[PDB]
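Peer 1: Before I ask anything, let me first share the structure, which is written out below as structure tokens.
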Amino acid sequence: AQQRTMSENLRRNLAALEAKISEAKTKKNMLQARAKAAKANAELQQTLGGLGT
Amino acid sequence: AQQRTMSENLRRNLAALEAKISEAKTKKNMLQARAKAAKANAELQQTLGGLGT
Amino acid sequence: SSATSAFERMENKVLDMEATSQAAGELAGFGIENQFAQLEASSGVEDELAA
Amino acid sequence: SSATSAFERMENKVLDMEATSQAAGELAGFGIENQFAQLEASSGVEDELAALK
Amino acid sequence: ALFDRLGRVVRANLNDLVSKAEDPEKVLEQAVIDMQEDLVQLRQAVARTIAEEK
Amino acid sequence: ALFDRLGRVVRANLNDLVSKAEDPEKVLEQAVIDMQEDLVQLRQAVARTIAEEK
Amino acid sequence: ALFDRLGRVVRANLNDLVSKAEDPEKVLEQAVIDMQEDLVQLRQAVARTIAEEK
Amino acid sequence: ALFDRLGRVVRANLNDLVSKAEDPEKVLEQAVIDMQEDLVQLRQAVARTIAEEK
Amino acid sequence: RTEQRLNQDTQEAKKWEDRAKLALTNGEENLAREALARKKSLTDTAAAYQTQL
Amino acid sequence: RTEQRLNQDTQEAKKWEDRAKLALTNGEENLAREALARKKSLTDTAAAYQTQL
Ligand SMILES: Nc1ncnc2c1ncn2[C@@H]1O[C@H](COP(=O)(O)OP(=O)(O)O)[C@@H](O)[C@H]1O
């Protein structure tokens with residue numbers, strides 16, 4: 001009974017951790033995409049902006 | 001009984017301090033934002049200003 | 001280490017090419033609604049008659 | 001020496017910077033409201049006329 | 001007070017220098033790599049409490 | 001004011017020297033090459049948000 | 001007392017100088033760091049207390 | 001006051017010289033660069049503010 | 001370039017006029033008002049460019 | 001150049017004056033006063049230029 005309830009709680013901590021890591025992976029990737037978008041926008045604003053070489 | 005009575009007193013004070021620190025943390029961010037915005041506004045006003053050379 | 005800081009760094013650069021969004025923002029809102037509405041409605045009555 | 005005192009100090013400094021910028025604008029030539037008031041009144045009467053027809 | 005304030009100013013300056021040097025995108029990425037590893041380590045440890053339970 | 005004006009004169013002179021040295025045709029061409037590359041990088045990143053969406 | 005007055009002037013100048021040397025952006029942030037650093041250690045004590053209670 | 005008058009003459013000459021040294025073609029352009037440089041930084045602040053609001 | 005800028009602003013003003021009216025038909029006066037403010041804004045800018053031309 | 005500066009000042013004076021009509025209608029009394037005061041100062045400036053011319 002001690003081991004079973006201990007293991008169940010430990011299992012729940014494991015699921016919570018994983019869920020958070022899944023969340024972080026989703027967040028990470030959209031930020032990478034957005035970062036590349038920002039960079040791309042900047043390049044067009046440079047080339048197709050004002051005057052200069 | 002003594003342990004239970006005293007460990008609960010400590011929790012009231014931790015909880016109060018947690019409210020307090022988080023208060024500062026949130027205000028820290030918005031204040032930095034406000035400060036950057038204001039700093040920048042002053043910079044633009046100087047540049048745009050026609051007074052002085 | 002912060003994911004949030006990573007976002008901000010990106011978040012600013014996003015800012016420089018205009019991101020206050022008085023255009024995209026304004027445009028899209030009433031655009032998508034109004035267009036599709038009037039389109040399909042008027043069009044649809046006329047179509048069915050010929051069919 | 002404490003964090004809270006330092007914070008109150010930085011906070012006042014920030015508020016003072018917001019106040020400096022505000023005052024600086026008024027002295028510079030702060031219009032805003034003027035333009036805003038006219039554009040508000042214009043869009044009003046124009047929509048009324050637009051709707052009328 | 002003089003040195004007490006100096007200490008606070010100094011730590012903030014040091015942290016800022018770190019923040020400046022700090023690539024946030026590698027931190028976040030690097031973090032996911034370590035978190036995944038930790039997840040795996042927890043899974044093995046959990047596997048042992050399950051073996052013991054059984 | 002003297003140095004303030006000197007600074008403005010100097011930056012303009014420096015920018016002009018850059019503008020002079022600057023081949024505009026390579027800039028524009030070089031730019032298209034980088035923009036195309038960036039487009040590709042965005043496509044991969046987007047591919048990842050699509051995978052996640054799915 | 002002139003010695004004490006001299007000291008007061010010296011300290012006042014240095015206190016003003018380090019006040020000027022504060023960078024709110026860095027400092028405000030650093031102050032929060034200190035708050036967290038301190039809390040963590042309180043939490044460790046509350047951690048022990050709770051364990052002892054059990 | 002003769003010292004102050006001497007200074008005024010010196011500065012007036014140097015101010016006229018740097019005014020003469022201006023090249024409108026370079027300078028006018030450089031001035032615009034400064035305007036943009038400055039704006040970019042304002043935009044970064046407005047960027048943060050907007051993010052915080054959200 | 002000035003000629004090009006003038007025409008471009010004139011065209012956008014017509015699109016915003018259309019949008020204000022389409023929005024007005026669909027409903028919401030406040031939305032139409034917002035669209036009109038932009039309509040006027042572009043009209044004003046266009047006038048300036050015309051004179052410049 | 002004298003003529004050019006002055007001509008300009010006279011146009012700017014009208015922009016303040018015709019702005020004052022809108023402000024008065026709205027009930028923006030202080031804004032209307034400041035607009036009139038601005039018109040006076042430009043009128044004073046314009047006079048000084050004519051003499052100069
Ligand atoms: N004469 C010029 N006009 C416009 N941009 C220029 C010029 N010379 C150089 N540039 C570059 O183009 C950018 C223009 O600034 P930016 O803020 O993007 O323009 P805007 O404020 O119109 O969006 C600057 O970062 C600058 O490095």
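Residue numbers start at 1 in each chain; chains themselves are named A, B, ... in the order of the structure tokens; ligands are numbered from 1 in the order shown.
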Listing only residues of chain D within 8 Å of chain I, what is the closest atom pair and its distance in Å (to one decimal) for each, using only C-alpha atoms, sorted by chain and residue number ascending, as CSV?
Peer 2:
residue,atom,partner,partner_atom,distance
D:39,CA,I:37,CA,6.6
D:40,CA,I:37,CA,7.8
D:42,CA,I:37,CA,7.9
D:43,CA,I:33,CA,5.3
D:44,CA,I:33,CA,6.4
D:46,CA,I:36,CA,7.6
D:47,CA,I:33,CA,6.1
D:50,CA,I:21,CA,7.4
D:51,CA,I:24,CA,7.2
Peer 1: Now that the selection is made, can you save its residues with C-alpha atoms as an mmCIF file, in the first residue's frame?
Peer 2:
data_model
loop_
_atom_site.group_PDB
_atom_site.id
_atom_site.type_symbol
_atom_site.label_atom_id
_atom_site.label_comp_id
_atom_site.auth_asym_id
_atom_site.auth_seq_id
_atom_site.Cartn_x
_atom_site.Cartn_y
_atom_site.Cartn_z
ATOM 1 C CA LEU D 39 -10.623 63.779 -36.815
ATOM 2 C CA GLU D 40 -13.225 62.557 -34.268
ATOM 3 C CA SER D 42 -15.029 64.696 -38.990
ATOM 4 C CA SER D 43 -15.528 60.934 -39.070
ATOM 5 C CA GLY D 44 -18.789 61.473 -37.143
ATOM 6 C CA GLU D 46 -19.100 61.976 -42.560
ATOM 7 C CA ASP D 47 -20.553 58.675 -41.428
ATOM 8 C CA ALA D 50 -22.666 58.436 -45.727
ATOM 9 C CA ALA D 51 -25.464 56.540 -43.975
#
Peer 1: Residues of chain E were defined as contacting chain C if any atom lay at most 10 Å from it, counting only C-alpha atoms; please report them as a list in words.
Peer 2: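 Going by the stated atoms only, the list reads residues 19, 22, 23, 24, 25, 26, 27, 28, 29, 30 and 31 of chain E.
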Peer 1: Restricted to N, CA and C atoms, what would the selected residues look like written as an mmCIF file, in the first residue's frame?
Peer 2:
data_model
loop_
_atom_site.group_PDB
_atom_site.id
_atom_site.type_symbol
_atom_site.label_atom_id
_atom_site.label_comp_id
_atom_site.auth_asym_id
_atom_site.auth_seq_id
_atom_site.Cartn_x
_atom_site.Cartn_y
_atom_site.Cartn_z
ATOM 1 N N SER E 19 23.441 38.634 -19.136
ATOM 2 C CA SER E 19 22.254 38.688 -19.945
ATOM 3 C C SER E 19 22.604 39.049 -21.389
ATOM 4 N N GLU E 22 24.503 36.348 -23.052
ATOM 5 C CA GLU E 22 23.556 35.221 -23.181
ATOM 6 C C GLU E 22 22.691 35.134 -24.438
ATOM 7 N N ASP E 23 22.961 34.121 -25.257
ATOM 8 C CA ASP E 23 22.176 33.887 -26.459
ATOM 9 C C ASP E 23 20.948 33.221 -25.875
ATOM 10 N N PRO E 24 19.767 33.774 -26.118
ATOM 11 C CA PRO E 24 18.590 33.180 -25.493
ATOM 12 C C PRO E 24 18.027 32.022 -26.255
ATOM 13 N N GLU E 25 18.362 31.911 -27.560
ATOM 14 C CA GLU E 25 17.777 30.921 -28.420
ATOM 15 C C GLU E 25 18.440 29.573 -28.135
ATOM 16 N N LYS E 26 19.791 29.545 -27.914
ATOM 17 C CA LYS E 26 20.575 28.376 -27.512
ATOM 18 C C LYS E 26 20.192 27.970 -26.138
ATOM 19 N N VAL E 27 19.916 28.922 -25.246
ATOM 20 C CA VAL E 27 19.521 28.609 -23.868
ATOM 21 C C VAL E 27 18.245 27.778 -23.889
ATOM 22 N N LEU E 28 17.220 28.327 -24.529
ATOM 23 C CA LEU E 28 15.950 27.656 -24.702
ATOM 24 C C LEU E 28 16.104 26.280 -25.386
ATOM 25 N N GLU E 29 16.865 26.171 -26.515
ATOM 26 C CA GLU E 29 17.130 24.935 -27.262
ATOM 27 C C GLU E 29 17.871 23.898 -26.481
ATOM 28 N N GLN E 30 18.953 24.351 -25.813
ATOM 29 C CA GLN E 30 19.862 23.602 -24.985
ATOM 30 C C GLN E 30 19.097 23.046 -23.845
ATOM 31 N N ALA E 31 18.167 23.877 -23.338
ATOM 32 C CA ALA E 31 17.302 23.523 -22.269
ATOM 33 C C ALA E 31 16.410 22.369 -22.586
#
Peer 1: For ligand 1, collect every residue having any atom at a distance of at most 8 Å from a ligand atom (counting only C-alpha atoms and all ligand atoms); output as a list in words.
Peer 2: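 My answer, listing the contacting residues, is residues 45, 46, 49, 50, 51 and 52 of chain A; 16, 17 and 18 of chain C; 15 of chain F; 29, 30, 32, 33, 35, 36, 37, 39 and 40 of chain H.
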Peer 1: Those residues with C-alpha atoms, as a PDB file, in the first residue's frame please?
Peer 2:
ATOM      1  CA  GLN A  45      13.422  46.291 -45.173  1.00  0.00           C
ATOM      2  CA  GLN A  46      17.123  46.723 -45.812  1.00  0.00           C
ATOM      3  CA  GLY A  49      14.044  50.286 -47.782  1.00  0.00           C
ATOM      4  CA  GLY A  50      15.751  53.638 -48.301  1.00  0.00           C
ATOM      5  CA  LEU A  51      18.967  54.604 -50.086  1.00  0.00           C
ATOM      6  CA  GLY A  52      22.465  53.103 -49.863  1.00  0.00           C
TER       7      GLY A  52
ATOM      8  CA  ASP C  16      11.225  47.968 -36.769  1.00  0.00           C
ATOM      9  CA  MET C  17       9.231  47.133 -39.868  1.00  0.00           C
ATOM     10  CA  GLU C  18       6.135  48.495 -38.142  1.00  0.00           C
TER      11      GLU C  18
ATOM     12  CA  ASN F  15      28.046  57.378 -44.597  1.00  0.00           C
TER      13      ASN F  15
ATOM     14  CA  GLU H  29      21.227  62.413 -45.938  1.00  0.00           C
ATOM     15  CA  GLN H  30      23.169  61.735 -42.742  1.00  0.00           C
ATOM     16  CA  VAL H  32      17.884  61.322 -42.076  1.00  0.00           C
ATOM     17  CA  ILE H  33      19.981  58.351 -41.095  1.00  0.00           C
ATOM     18  CA  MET H  35      16.282  60.008 -37.565  1.00  0.00           C
ATOM     19  CA  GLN H  36      15.846  56.406 -38.590  1.00  0.00           C
ATOM     20  CA  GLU H  37      18.482  55.142 -36.148  1.00  0.00           C
ATOM     21  CA  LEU H  39      13.169  55.689 -34.435  1.00  0.00           C
ATOM     22  CA  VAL H  40      14.226  52.047 -34.514  1.00  0.00           C
TER      23      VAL H  40
END
Peer 1: Give me, please, the distance in Å between atom CA of residue 28 of chain I and atom CA of residue 32 of chain C, quoted to one decimal.
Peer 2: 15.2 Å
Peer 1: Go through chain B residue by residue and, counting only C-alpha atoms, keep those with an atom at most 7 Å from chain G; for each kept residue give the shortest atom pair and its distance in Å to one decimal, ordered by chain and increasing number, as a Markdown table.
Peer 2:
| residue | atom | partner | partner_atom | distance |
| --- | --- | --- | --- | --- |
| B:3 | CA | G:53 | CA | 6.2 |
| B:4 | CA | G:53 | CA | 6.9 |
| B:7 | CA | G:49 | CA | 6.7 |
| B:21 | CA | G:35 | CA | 6.4 |
| B:24 | CA | G:32 | CA | 6.9 |
| B:25 | CA | G:32 | CA | 6.2 |
| B:28 | CA | G:28 | CA | 6.4 |
| B:32 | CA | G:25 | CA | 5.9 |
Peer 1: Hey, can you spit out that residue selection with N, CA and C atoms as a short mmCIF file (atom, residue, chain, number, x, y, z; two decimals), in the first residue's frame?
Peer 2:
data_model
loop_
_atom_site.label_atom_id
_atom_site.label_comp_id
_atom_site.auth_asym_id
_atom_site.auth_seq_id
_atom_site.Cartn_x
_atom_site.Cartn_y
_atom_site.Cartn_z
N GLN B 3 5.08 21.63 17.27
CA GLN B 3 5.60 21.65 15.91
C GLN B 3 4.58 22.13 14.91
N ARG B 4 3.33 21.64 15.02
CA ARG B 4 2.23 21.97 14.14
C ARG B 4 1.81 23.40 14.23
N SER B 7 4.89 25.58 12.74
CA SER B 7 5.19 25.41 11.33
C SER B 7 4.12 26.07 10.50
N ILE B 21 7.31 39.29 -3.27
CA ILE B 21 8.34 39.16 -4.29
C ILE B 21 7.74 39.17 -5.70
N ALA B 24 6.90 42.69 -6.96
CA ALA B 24 8.07 43.33 -7.48
C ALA B 24 8.48 42.79 -8.83
N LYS B 25 8.39 41.48 -9.04
CA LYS B 25 8.76 40.88 -10.32
C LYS B 25 7.91 41.39 -11.48
N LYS B 28 8.57 44.92 -12.09
CA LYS B 28 9.90 45.06 -12.65
C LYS B 28 9.83 45.12 -14.17
N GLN B 32 10.38 48.50 -16.56
CA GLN B 32 11.41 48.52 -17.55
C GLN B 32 10.84 48.95 -18.89
#
Peer 1: Please return the superposed copy of chain B as a PDB file with C-alpha atoms, in the first residue's frame; the fit should be least squares onto chain A across all sequentially paired Cα atoms.
Peer 2:
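Listed below is the output, part23.pdb:
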ATOM      1  CA  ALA B   1       0.456  -0.355   0.382  1.00  0.00           C
ATOM      2  CA  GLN B   2       3.629   1.715   0.785  1.00  0.00           C
ATOM      3  CA  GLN B   3       4.704   0.939  -2.845  1.00  0.00           C
ATOM      4  CA  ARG B   4       1.291   1.885  -4.259  1.00  0.00           C
ATOM      5  CA  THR B   5       1.127   5.179  -2.379  1.00  0.00           C
ATOM      6  CA  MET B   6       4.636   6.226  -3.472  1.00  0.00           C
ATOM      7  CA  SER B   7       4.492   5.052  -7.124  1.00  0.00           C
ATOM      8  CA  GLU B   8       1.415   7.226  -7.578  1.00  0.00           C
ATOM      9  CA  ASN B   9       3.181  10.345  -6.314  1.00  0.00           C
ATOM     10  CA  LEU B  10       5.918   9.779  -8.923  1.00  0.00           C
ATOM     11  CA  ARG B  11       3.264   9.525 -11.712  1.00  0.00           C
ATOM     12  CA  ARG B  12       1.797  13.010 -10.799  1.00  0.00           C
ATOM     13  CA  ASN B  13       5.232  14.552 -11.161  1.00  0.00           C
ATOM     14  CA  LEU B  14       6.057  12.642 -14.483  1.00  0.00           C
ATOM     15  CA  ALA B  15       2.725  13.774 -15.912  1.00  0.00           C
ATOM     16  CA  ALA B  16       3.472  17.425 -14.967  1.00  0.00           C
ATOM     17  CA  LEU B  17       6.963  17.222 -16.551  1.00  0.00           C
ATOM     18  CA  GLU B  18       5.477  15.650 -19.740  1.00  0.00           C
ATOM     19  CA  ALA B  19       3.023  18.611 -20.047  1.00  0.00           C
ATOM     20  CA  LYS B  20       6.028  20.861 -19.511  1.00  0.00           C
ATOM     21  CA  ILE B  21       8.368  19.333 -22.093  1.00  0.00           C
ATOM     22  CA  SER B  22       5.702  19.137 -24.778  1.00  0.00           C
ATOM     23  CA  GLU B  23       4.923  22.773 -24.147  1.00  0.00           C
ATOM     24  CA  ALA B  24       8.475  23.719 -24.973  1.00  0.00           C
ATOM     25  CA  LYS B  25       8.532  21.417 -28.011  1.00  0.00           C
ATOM     26  CA  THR B  26       5.494  23.029 -29.662  1.00  0.00           C
ATOM     27  CA  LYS B  27       6.710  26.518 -28.767  1.00  0.00           C
ATOM     28  CA  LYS B  28      10.103  25.554 -30.179  1.00  0.00           C
ATOM     29  CA  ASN B  29       8.693  25.070 -33.635  1.00  0.00           C
ATOM     30  CA  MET B  30       6.518  28.149 -33.792  1.00  0.00           C
ATOM     31  CA  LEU B  31       9.277  30.252 -32.361  1.00  0.00           C
ATOM     32  CA  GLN B  32      11.695  29.108 -34.982  1.00  0.00           C
ATOM     33  CA  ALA B  33       9.033  30.007 -37.585  1.00  0.00           C
ATOM     34  CA  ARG B  34       8.441  33.440 -36.045  1.00  0.00           C
ATOM     35  CA  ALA B  35      12.161  34.073 -35.835  1.00  0.00           C
ATOM     36  CA  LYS B  36      12.832  33.109 -39.496  1.00  0.00           C
ATOM     37  CA  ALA B  37       9.920  35.277 -40.632  1.00  0.00           C
ATOM     38  CA  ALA B  38      11.116  38.283 -38.622  1.00  0.00           C
ATOM     39  CA  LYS B  39      14.771  37.773 -39.631  1.00  0.00           C
ATOM     40  CA  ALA B  40      13.750  37.716 -43.258  1.00  0.00           C
ATOM     41  CA  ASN B  41      11.488  40.782 -42.932  1.00  0.00           C
ATOM     42  CA  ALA B  42      14.456  42.755 -41.538  1.00  0.00           C
ATOM     43  CA  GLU B  43      16.627  41.557 -44.454  1.00  0.00           C
ATOM     44  CA  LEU B  44      14.063  42.676 -47.028  1.00  0.00           C
ATOM     45  CA  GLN B  45      13.595  46.030 -45.292  1.00  0.00           C
ATOM     46  CA  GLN B  46      17.362  46.642 -45.525  1.00  0.00           C
ATOM     47  CA  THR B  47      17.517  45.633 -49.216  1.00  0.00           C
ATOM     48  CA  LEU B  48      14.387  47.556 -50.189  1.00  0.00           C
ATOM     49  CA  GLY B  49      15.445  50.542 -48.088  1.00  0.00           C
ATOM     50  CA  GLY B  50      16.841  53.498 -50.073  1.00  0.00           C
ATOM     51  CA  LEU B  51      18.632  54.996 -47.067  1.00  0.00           C
ATOM     52  CA  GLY B  52      22.358  54.377 -47.036  1.00  0.00           C
ATOM     53  CA  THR B  53      24.488  52.830 -49.722  1.00  0.00           C
TER      54      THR B  53
END
Peer 1: Following superposition of chain G onto chain E on all C-alpha atoms, paired in order, what is the C-alpha RMSD to one decimal in Å?
Peer 2: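 1.4 Å is the C-alpha RMSD between the two chains.
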Peer 1: In Å, how much C-alpha RMSD is there between chain I and chain J after the fit, with all atoms paired in order?
Peer 2: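 Overlaying the two chains on their C-alpha atoms yields 0.8 Å.
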Peer 1: Just how far from atom CA of residue 17 of chain E is atom CA of residue 18 of chain G, in Å to one decimal?
Peer 2: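 Atom CA of residue 17 of chain E lies 18.3 Å from atom CA of residue 18 of chain G.
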Peer 1: For atom CA of residue 43 of chain C and atom CA of residue 23 of chain C, quote the distance in Å rounded to one decimal.
Peer 2: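 Answer for the atom CA of residue 43 of chain C to atom CA of residue 23 of chain C separation: 28.7 Å.
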Peer 1: Show me which bits of chain C are within 8 Å of chain I, counting only C-alpha atoms, as a PyMOL selection string.
Peer 2: chain C and resi 30-31+34
Peer 1: Using only C-alpha atoms, find which residues of chain F lie within 8 Å of chain H and jot them down as a ChimeraX atom specification.
Peer 2: /F:2,5-6,8-9,11-13,15-16
Peer 1: Suppose we keep C-alpha atoms; can you now write the selection as a PDB file, in the first residue's frame?
Peer 2:
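Listed below is the output, part.pdb:
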ATOM      1  CA  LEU F   2      30.713  72.847 -31.943  1.00  0.00           C
ATOM      2  CA  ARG F   5      27.670  69.756 -35.235  1.00  0.00           C
ATOM      3  CA  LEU F   6      31.097  68.073 -35.865  1.00  0.00           C
ATOM      4  CA  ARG F   8      26.689  65.182 -37.472  1.00  0.00           C
ATOM      5  CA  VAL F   9      29.064  66.353 -40.188  1.00  0.00           C
ATOM      6  CA  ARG F  11      28.627  60.705 -39.608  1.00  0.00           C
ATOM      7  CA  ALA F  12      27.300  62.078 -42.854  1.00  0.00           C
ATOM      8  CA  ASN F  13      30.802  62.132 -44.308  1.00  0.00           C
ATOM      9  CA  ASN F  15      28.046  57.378 -44.597  1.00  0.00           C
ATOM     10  CA  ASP F  16      28.854  59.131 -47.880  1.00  0.00           C
TER      11      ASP F  16
END
Peer 1: Mind checking which residues fall within 12 Å of residue 8 of chain I, counting only C-alpha atoms, ignoring those fewer than 4 positions away in the same chain, and posting them as an NGL selection string?
Peer 2: :I and (1-4 or 12-15 or 42-43 or 45-46 or 49-50)
